[PDB]
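Each remark here refers to the structure printed beneath this line.
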Amino acid sequence: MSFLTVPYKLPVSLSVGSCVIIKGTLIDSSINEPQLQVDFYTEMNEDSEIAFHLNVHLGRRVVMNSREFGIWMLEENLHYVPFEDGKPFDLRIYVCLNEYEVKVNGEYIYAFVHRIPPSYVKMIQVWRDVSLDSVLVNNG
Ligand SMILES: OC[C@H]1O[C@@H](O[C@H]2[C@H](O)[C@@H](O)[C@H](O)O[C@@H]2CO)[C@H](O)[C@@H](O)[C@H]1O
């Protein structure tokens, strides 16, 4: 099966207990730009609110934030970067009552407290130079 074409957009509806599962491979192929970006938008429109934004800078940091009323808010930085150049990853973003639980390759790495209710998310975009196998939302 061919990798998904990026930028990859997916209409979604998230509730507590939903899980976004993103499988792919990152490569060290960018200059001053992240190797993976994931944005959760409140409308099917790139100017809308971003409830959750994650980007990967291989060997440096995982960055998380929101974009509310056009403004990037408090940046949350991790220096634990489980993603590796050319190796497959399994990224899970689980919607809890108070936070997203961010999980990579079976490790719990961060709890991002909700800033916009996740019930307002309508579209996920996964982009940058990722070789993307699948993006799906499970309800349960
Ligand atoms: O916070 C997410 C936001 O980051 C912007 O870049 C930041 C960068 O993370 C920070 O280290 C630097 O000091 O300031 C920059 C803001 O100009 C990205 O431009 C944006 O797309 C998001 O990734």
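So for the sequence shown, the deposited numbering puts the first residue at 4; every next one is plus one. The C-beta atom is built at its ideal place from N, Cα and C for all residues, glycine as well.
Approximately 5 Å separates the beta-carbon atoms of residue 129 and residue 41; this is inside 8 Å, confirming the contact. With a cutoff of 7 Å, residue 130 does not count as near ligand 1, since its C-beta is closer than that to no heavy atom of the ligand.
Of the residues 136, 142, 52, the one whose Cα lies closest to the Cα of residue 4 is 136. By the 16-neighbour rule on beta-carbons within 10 angstroms, residue 21 is buried. When 86, 99, 79 are compared, the shortest CA-CA separation from residue 109 is found for 86. Closer than 7 Å to some heavy atom of ligand 1: that does not describe the Cβ of residue 101. Excluding its 5 nearest sequence neighbours in each direction, residue 115 has C-beta neighbours in its own chain below 7 Å: 55, 67, 79, 102, 103, 105, listed in chain order. In chain order, 38, 132 place their CB closer than 8 Å to the CB of residue 32, counting only its own chain and leaving out the 5 sequence neighbours on each side. Annotated as distal: residue 96 and residue 52, with beta-carbon spacing of 8 Å or more. If you check the CB distance, residue 63 and residue 81 do not come in under 8 Å.
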